[PDB]
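S.K.: The structure is given below, and queries will be raised subsequently.
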Amino acid sequence: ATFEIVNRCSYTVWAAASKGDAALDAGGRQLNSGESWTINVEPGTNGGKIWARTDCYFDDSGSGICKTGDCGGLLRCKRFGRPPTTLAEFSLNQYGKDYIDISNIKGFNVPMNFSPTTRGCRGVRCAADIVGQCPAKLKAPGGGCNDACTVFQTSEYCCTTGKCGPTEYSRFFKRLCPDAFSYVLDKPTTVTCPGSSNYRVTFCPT
């Protein structure tokens, strides 16, 4: 599958794409305002994520730090990033279907739109000013708005027992972005697309 990743933000981001134990395509790249990066993702990839990282500083060896989404100090991510991170999530060619979602379960840093570039399903977006509205206890000094699992580490927020309800924090994320996952057991906002679809992930779509 092909994913075009478009930075429509007014600032530089550092895109990332991983399936948790490996990079997708190269794994990460700088995207100044307006730049688009195309990557190829193998059919059958399950549990892939794409996200934006902010305020990074990388040396000539590709090692450094970001204030949101850092993946172990690397430019080219092999692992998932450190919250807060808005997430584009996808598993491809699963019994003839692709499944995509946006998630705020690991917090929110940048607005994103996740839309197919081929026919037969709809896209999803989370573009509200979550950082500006972020409850004081969830605000990340580095930038962004953390999830309450990250902030408090309780069974209820982290849904560790597999039974957990919505919370006042989850409802915040849900009120601003109803079409993204707000907690581990939220009613699914997953979109089912035809197998082998292609997609565009845009940062700061509006």
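In the structure tokens, chains take letters A, B, ... by order of appearance, with residues numbered from 1 within each chain and ligands from 1 in the order shown.
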Please run DSSP on the backbone and report, as a VMD selection string, all residues within stretch 25-137 of chain A that come out as alpha helix (DSSP H).

M.R.: chain A and resid 130 to 133

S.K.: Please write the residues from the selection above to a file, keeping N, CA and C atoms, as an mmCIF file, in the first residue's frame.

M.R.:
data_model
loop_
_atom_site.group_PDB
_atom_site.id
_atom_site.type_symbol
_atom_site.label_atom_id
_atom_site.label_comp_id
_atom_site.auth_asym_id
_atom_site.auth_seq_id
_atom_site.Cartn_x
_atom_site.Cartn_y
_atom_site.Cartn_z
ATOM 1 N N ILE A 130 -7.365 20.513 20.705
ATOM 2 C CA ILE A 130 -7.166 19.757 21.939
ATOM 3 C C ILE A 130 -6.071 20.326 22.826
ATOM 4 N N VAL A 131 -4.926 20.774 22.292
ATOM 5 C CA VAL A 131 -3.897 21.288 23.172
ATOM 6 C C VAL A 131 -4.377 22.547 23.909
ATOM 7 N N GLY A 132 -4.946 23.461 23.160
ATOM 8 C CA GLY A 132 -5.420 24.733 23.771
ATOM 9 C C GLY A 132 -6.458 24.539 24.902
ATOM 10 N N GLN A 133 -7.338 23.558 24.727
ATOM 11 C CA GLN A 133 -8.402 23.258 25.702
ATOM 12 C C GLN A 133 -7.957 22.243 26.817
#

S.K.: Can you list, as an MDAnalysis selection string, every protein, DNA or RNA residue that comes within 10 Å of residue A:30 when you count only C-alpha atoms, leaving out same-chain residues fewer than 2 positions away?

M.R.: chainID A and resid 7 12:16 28 32:33 35:37 52:54 56 75:76

S.K.: Atoms to include: N, CA, C and O atoms. Write the selected residues as a PDB file, in the first residue's frame.

M.R.:
ATOM      1  N   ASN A   7       2.601  17.390   5.452  1.00  0.00           N
ATOM      2  CA  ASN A   7       2.606  18.332   6.545  1.00  0.00           C
ATOM      3  C   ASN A   7       1.978  19.641   6.103  1.00  0.00           C
ATOM      4  O   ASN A   7       2.660  20.415   5.424  1.00  0.00           O
ATOM      5  N   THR A  12       7.670  22.751  11.173  1.00  0.00           N
ATOM      6  CA  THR A  12       8.318  21.495  10.788  1.00  0.00           C
ATOM      7  C   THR A  12       7.893  20.439  11.747  1.00  0.00           C
ATOM      8  O   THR A  12       7.818  20.672  12.938  1.00  0.00           O
ATOM      9  N   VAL A  13       7.605  19.279  11.209  1.00  0.00           N
ATOM     10  CA  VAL A  13       7.373  18.090  12.029  1.00  0.00           C
ATOM     11  C   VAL A  13       8.327  17.045  11.585  1.00  0.00           C
ATOM     12  O   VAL A  13       8.969  17.195  10.506  1.00  0.00           O
ATOM     13  N   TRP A  14       8.419  15.982  12.360  1.00  0.00           N
ATOM     14  CA  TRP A  14       9.206  14.849  11.983  1.00  0.00           C
ATOM     15  C   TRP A  14       8.291  13.635  11.978  1.00  0.00           C
ATOM     16  O   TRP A  14       7.954  13.091  13.038  1.00  0.00           O
ATOM     17  N   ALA A  15       7.860  13.202  10.790  1.00  0.00           N
ATOM     18  CA  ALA A  15       6.936  12.136  10.653  1.00  0.00           C
ATOM     19  C   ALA A  15       7.644  10.836  11.086  1.00  0.00           C
ATOM     20  O   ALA A  15       8.878  10.725  11.017  1.00  0.00           O
ATOM     21  N   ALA A  16       6.820   9.898  11.525  1.00  0.00           N
ATOM     22  CA  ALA A  16       7.244   8.551  11.904  1.00  0.00           C
ATOM     23  C   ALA A  16       6.262   7.510  11.391  1.00  0.00           C
ATOM     24  O   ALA A  16       5.026   7.737  11.312  1.00  0.00           O
ATOM     25  N   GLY A  28      11.169   7.379   9.480  1.00  0.00           N
ATOM     26  CA  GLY A  28      10.973   8.758   9.840  1.00  0.00           C
ATOM     27  C   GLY A  28      11.696   9.703   8.942  1.00  0.00           C
ATOM     28  O   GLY A  28      12.627   9.310   8.235  1.00  0.00           O
ATOM     29  N   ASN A  32       9.210  19.791   6.513  1.00  0.00           N
ATOM     30  CA  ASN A  32       8.871  21.206   6.612  1.00  0.00           C
ATOM     31  C   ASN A  32       7.493  21.445   6.099  1.00  0.00           C
ATOM     32  O   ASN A  32       6.894  20.560   5.452  1.00  0.00           O
ATOM     33  N   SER A  33       6.968  22.619   6.422  1.00  0.00           N
ATOM     34  CA  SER A  33       5.630  23.068   6.054  1.00  0.00           C
ATOM     35  C   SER A  33       5.395  22.907   4.530  1.00  0.00           C
ATOM     36  O   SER A  33       6.108  23.556   3.733  1.00  0.00           O
ATOM     37  N   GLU A  35       5.621  20.002   2.797  1.00  0.00           N
ATOM     38  CA  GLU A  35       6.285  18.874   2.199  1.00  0.00           C
ATOM     39  C   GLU A  35       5.464  17.596   2.353  1.00  0.00           C
ATOM     40  O   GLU A  35       4.745  17.380   3.389  1.00  0.00           O
ATOM     41  N   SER A  36       5.563  16.742   1.336  1.00  0.00           N
ATOM     42  CA  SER A  36       4.875  15.467   1.305  1.00  0.00           C
ATOM     43  C   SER A  36       5.867  14.321   1.110  1.00  0.00           C
ATOM     44  O   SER A  36       6.747  14.416   0.270  1.00  0.00           O
ATOM     45  N   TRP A  37       5.667  13.244   1.830  1.00  0.00           N
ATOM     46  CA  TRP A  37       6.577  12.092   1.827  1.00  0.00           C
ATOM     47  C   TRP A  37       5.741  10.857   1.467  1.00  0.00           C
ATOM     48  O   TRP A  37       4.623  10.652   1.959  1.00  0.00           O
ATOM     49  N   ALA A  52       3.261  12.274  14.116  1.00  0.00           N
ATOM     50  CA  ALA A  52       4.143  13.396  14.018  1.00  0.00           C
ATOM     51  C   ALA A  52       4.889  13.581  15.308  1.00  0.00           C
ATOM     52  O   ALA A  52       4.388  13.269  16.375  1.00  0.00           O
ATOM     53  N   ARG A  53       6.139  13.980  15.196  1.00  0.00           N
ATOM     54  CA  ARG A  53       6.983  14.343  16.327  1.00  0.00           C
ATOM     55  C   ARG A  53       7.255  15.835  16.206  1.00  0.00           C
ATOM     56  O   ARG A  53       7.323  16.378  15.086  1.00  0.00           O
ATOM     57  N   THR A  54       7.463  16.510  17.336  1.00  0.00           N
ATOM     58  CA  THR A  54       7.692  17.941  17.305  1.00  0.00           C
ATOM     59  C   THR A  54       8.977  18.362  17.997  1.00  0.00           C
ATOM     60  O   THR A  54       9.466  17.637  18.892  1.00  0.00           O
ATOM     61  N   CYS A  56      12.152  18.516  17.400  1.00  0.00           N
ATOM     62  CA  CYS A  56      13.253  17.606  17.445  1.00  0.00           C
ATOM     63  C   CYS A  56      14.575  18.360  17.193  1.00  0.00           C
ATOM     64  O   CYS A  56      14.569  19.456  16.669  1.00  0.00           O
ATOM     65  N   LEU A  75      16.048   9.340  14.488  1.00  0.00           N
ATOM     66  CA  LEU A  75      15.351   9.978  13.382  1.00  0.00           C
ATOM     67  C   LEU A  75      14.428   8.983  12.657  1.00  0.00           C
ATOM     68  O   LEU A  75      13.283   9.317  12.303  1.00  0.00           O
ATOM     69  N   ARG A  76      14.933   7.760  12.438  1.00  0.00           N
ATOM     70  CA  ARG A  76      14.269   6.693  11.762  1.00  0.00           C
ATOM     71  C   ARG A  76      13.753   5.753  12.759  1.00  0.00           C
ATOM     72  O   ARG A  76      14.440   4.870  13.247  1.00  0.00           O
TER      73      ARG A  76
END

S.K.: Tell me which protein, DNA and RNA residues are within 9 Å of residue A:123, counting only C-alpha atoms, leaving out same-chain ones fewer than 5 positions away, and put them as a ChimeraX atom specification.

M.R.: /A:100-101,113-116,191

S.K.: As an exercise, work out the distance from atom CA of residue A:201 to atom CA of residue A:50 in Å and give it to one decimal place.

M.R.: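 Going from atom CA of residue A:201 over to atom CA of residue A:50, I get 8.0 Å.
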
S.K.: When you look at residue A:95 with a cut-off of 12 Å (counting only C-alpha atoms), what residues show up, excluding the ones that are within fewer than 4 positions of it in the same chain? I need them as a PDB file with N, CA, C and O atoms, in the first residue's frame.

M.R.:
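Wrote out10.pdb, looks like this:
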ATOM      1  N   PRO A  43       1.785  -5.228   1.933  1.00  0.00           N
ATOM      2  CA  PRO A  43       0.535  -5.817   2.272  1.00  0.00           C
ATOM      3  C   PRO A  43       0.628  -6.792   3.453  1.00  0.00           C
ATOM      4  O   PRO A  43       1.670  -7.441   3.699  1.00  0.00           O
ATOM      5  N   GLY A  44      -0.447  -6.822   4.207  1.00  0.00           N
ATOM      6  CA  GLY A  44      -0.525  -7.669   5.360  1.00  0.00           C
ATOM      7  C   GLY A  44      -0.008  -7.082   6.679  1.00  0.00           C
ATOM      8  O   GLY A  44      -0.136  -7.710   7.722  1.00  0.00           O
ATOM      9  N   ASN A  46       0.168  -5.578  10.069  1.00  0.00           N
ATOM     10  CA  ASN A  46      -0.892  -5.416  11.058  1.00  0.00           C
ATOM     11  C   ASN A  46      -0.381  -4.643  12.268  1.00  0.00           C
ATOM     12  O   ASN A  46       0.667  -4.974  12.821  1.00  0.00           O
ATOM     13  N   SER A  91      -4.297  -1.739  10.140  1.00  0.00           N
ATOM     14  CA  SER A  91      -3.888  -3.095   9.790  1.00  0.00           C
ATOM     15  C   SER A  91      -4.465  -3.462   8.378  1.00  0.00           C
ATOM     16  O   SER A  91      -5.694  -3.377   8.201  1.00  0.00           O
ATOM     17  N   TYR A  99      -8.257  -1.920   7.766  1.00  0.00           N
ATOM     18  CA  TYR A  99      -8.946  -1.291   8.924  1.00  0.00           C
ATOM     19  C   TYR A  99      -8.091  -0.091   9.345  1.00  0.00           C
ATOM     20  O   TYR A  99      -6.880  -0.277   9.607  1.00  0.00           O
ATOM     21  N   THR A 192     -13.691   0.491   7.819  1.00  0.00           N
ATOM     22  CA  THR A 192     -13.267  -0.672   7.047  1.00  0.00           C
ATOM     23  C   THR A 192     -13.242  -0.242   5.593  1.00  0.00           C
ATOM     24  O   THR A 192     -14.242   0.253   5.086  1.00  0.00           O
ATOM     25  N   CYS A 193     -12.098  -0.443   4.954  1.00  0.00           N
ATOM     26  CA  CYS A 193     -11.847  -0.104   3.572  1.00  0.00           C
ATOM     27  C   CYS A 193     -11.568  -1.393   2.782  1.00  0.00           C
ATOM     28  O   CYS A 193     -11.169  -2.436   3.361  1.00  0.00           O
ATOM     29  N   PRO A 194     -11.649  -1.286   1.438  1.00  0.00           N
ATOM     30  CA  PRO A 194     -11.267  -2.451   0.645  1.00  0.00           C
ATOM     31  C   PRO A 194      -9.843  -2.806   0.900  1.00  0.00           C
ATOM     32  O   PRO A 194      -8.981  -1.906   1.053  1.00  0.00           O
ATOM     33  N   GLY A 195      -9.532  -4.092   0.910  1.00  0.00           N
ATOM     34  CA  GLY A 195      -8.120  -4.572   0.940  1.00  0.00           C
ATOM     35  C   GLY A 195      -7.226  -3.900  -0.077  1.00  0.00           C
ATOM     36  O   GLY A 195      -7.682  -3.667  -1.150  1.00  0.00           O
ATOM     37  N   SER A 196      -5.996  -3.528   0.306  1.00  0.00           N
ATOM     38  CA  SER A 196      -5.031  -2.918  -0.620  1.00  0.00           C
ATOM     39  C   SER A 196      -5.320  -1.474  -1.026  1.00  0.00           C
ATOM     40  O   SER A 196      -4.720  -1.035  -2.038  1.00  0.00           O
TER      41      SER A 196
END

S.K.: Would you mind writing down, as a ChimeraX atom specification, each residue of stretch 73-108 of chain A that DSSP on the backbone assigns to strand (DSSP E)?

M.R.: /A:87-94,97-103

S.K.: Report as JSON lines: every residue of stretch 52-135 of chain A with an atom at most 10 Å from stretch 150-162 of chain A, its closest pair of atoms, and their distance in Å to one decimal, counting only C-alpha atoms, with rows sorted by chain and ascending residue number.

M.R.:
{"residue": "A:82", "atom": "CA", "partner": "A:150", "partner_atom": "CA", "distance": 9.8}
{"residue": "A:83", "atom": "CA", "partner": "A:150", "partner_atom": "CA", "distance": 7.5}
{"residue": "A:84", "atom": "CA", "partner": "A:150", "partner_atom": "CA", "distance": 8.6}
{"residue": "A:105", "atom": "CA", "partner": "A:158", "partner_atom": "CA", "distance": 9.1}
{"residue": "A:106", "atom": "CA", "partner": "A:150", "partner_atom": "CA", "distance": 7.4}
{"residue": "A:107", "atom": "CA", "partner": "A:150", "partner_atom": "CA", "distance": 8.4}

S.K.: How would the residues just picked look written out with N, CA, C and O atoms as a JSON list (two decimals), in the first residue's frame?

M.R.:
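The resulting file, out-v2.json, is shown below:
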[["chain", "number", "residue", "atom", "x", "y", "z"],
["A", 82, "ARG", "N", 6.90, 8.17, 22.21],
["A", 82, "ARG", "CA", 6.52, 8.55, 23.53],
["A", 82, "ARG", "C", 5.31, 9.56, 23.49],
["A", 82, "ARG", "O", 5.43, 10.67, 22.90],
["A", 83, "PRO", "N", 4.22, 9.26, 24.22],
["A", 83, "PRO", "CA", 3.09, 10.19, 24.31],
["A", 83, "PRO", "C", 3.51, 11.60, 24.77],
["A", 83, "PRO", "O", 4.51, 11.73, 25.50],
["A", 84, "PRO", "N", 2.82, 12.64, 24.36],
["A", 84, "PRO", "CA", 1.54, 12.54, 23.70],
["A", 84, "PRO", "C", 1.68, 12.48, 22.18],
["A", 84, "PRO", "O", 2.47, 13.24, 21.61],
["A", 105, "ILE", "N", -5.75, 7.59, 22.43],
["A", 105, "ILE", "CA", -5.50, 6.81, 23.66],
["A", 105, "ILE", "C", -4.14, 7.09, 24.18],
["A", 105, "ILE", "O", -3.93, 6.90, 25.38],
["A", 106, "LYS", "N", -3.20, 7.55, 23.35],
["A", 106, "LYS", "CA", -1.88, 7.99, 23.81],
["A", 106, "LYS", "C", -1.71, 9.49, 23.71],
["A", 106, "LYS", "O", -0.58, 9.98, 23.55],
["A", 107, "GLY", "N", -2.81, 10.23, 23.84],
["A", 107, "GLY", "CA", -2.79, 11.64, 23.87],
["A", 107, "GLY", "C", -2.84, 12.25, 22.47],
["A", 107, "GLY", "O", -3.08, 11.56, 21.48]]

S.K.: Which residues, written as a ChimeraX atom specification, have at least one atom at most 6 Å from residue A:108, with only C-alpha atoms counted and residues fewer than 3 positions away on the same chain left out?

M.R.: /A:84-86,104,144-145

S.K.: For the residues selected in the previous step, produce a file with N, CA, C and O atoms as an mmCIF file, in the first residue's frame.

M.R.:
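Result saved to result.cif:
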data_model
loop_
_atom_site.group_PDB
_atom_site.id
_atom_site.type_symbol
_atom_site.label_atom_id
_atom_site.label_comp_id
_atom_site.auth_asym_id
_atom_site.auth_seq_id
_atom_site.Cartn_x
_atom_site.Cartn_y
_atom_site.Cartn_z
ATOM 1 N N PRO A 84 2.824 12.637 24.362
ATOM 2 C CA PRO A 84 1.544 12.540 23.698
ATOM 3 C C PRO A 84 1.684 12.477 22.182
ATOM 4 O O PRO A 84 2.474 13.242 21.606
ATOM 5 N N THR A 85 0.880 11.654 21.553
ATOM 6 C CA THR A 85 0.922 11.443 20.109
ATOM 7 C C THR A 85 -0.453 11.166 19.566
ATOM 8 O O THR A 85 -1.092 10.160 19.851
ATOM 9 N N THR A 86 -0.902 11.983 18.654
ATOM 10 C CA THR A 86 -2.093 11.672 17.876
ATOM 11 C C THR A 86 -1.660 10.457 16.988
ATOM 12 O O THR A 86 -0.585 10.467 16.453
ATOM 13 N N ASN A 104 -6.708 8.816 20.128
ATOM 14 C CA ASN A 104 -6.179 9.693 21.179
ATOM 15 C C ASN A 104 -5.872 8.919 22.490
ATOM 16 O O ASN A 104 -5.676 9.570 23.554
ATOM 17 N N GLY A 144 1.597 19.426 23.908
ATOM 18 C CA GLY A 144 0.655 18.338 23.723
ATOM 19 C C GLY A 144 -0.213 18.135 24.914
ATOM 20 O O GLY A 144 -0.081 18.809 25.990
ATOM 21 N N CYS A 145 -1.075 17.149 24.778
ATOM 22 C CA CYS A 145 -2.044 16.823 25.840
ATOM 23 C C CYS A 145 -2.005 15.317 26.040
ATOM 24 O O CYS A 145 -2.343 14.532 25.152
#

S.K.: Could you please determine the separation between atom CA of residue A:124 and atom CA of residue A:177 in Å, to one decimal place?

M.R.: 9.9 Å

S.K.: Here is a test: counting only C-alpha atoms, which residue of A:88, A:18, A:171, A:109 is nearest to residue A:42?

M.R.: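 Going through A:88, A:18, A:171, A:109 one by one, the smallest distance to residue A:42 is for A:18.
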
S.K.: Tell me which protein, DNA and RNA residues are within 12 Å of residue A:59, counting only C-alpha atoms, leaving out same-chain ones fewer than 4 positions away, and put them as a ChimeraX atom specification.

M.R.: /A:63-65,73-75

S.K.: Which residues, written as number ranges by chain, have at least one atom at most 8 Å from residue A:81, with only C-alpha atoms counted and residues fewer than 2 positions away on the same chain left out?

M.R.: A: 68-72, 79, 83, 85
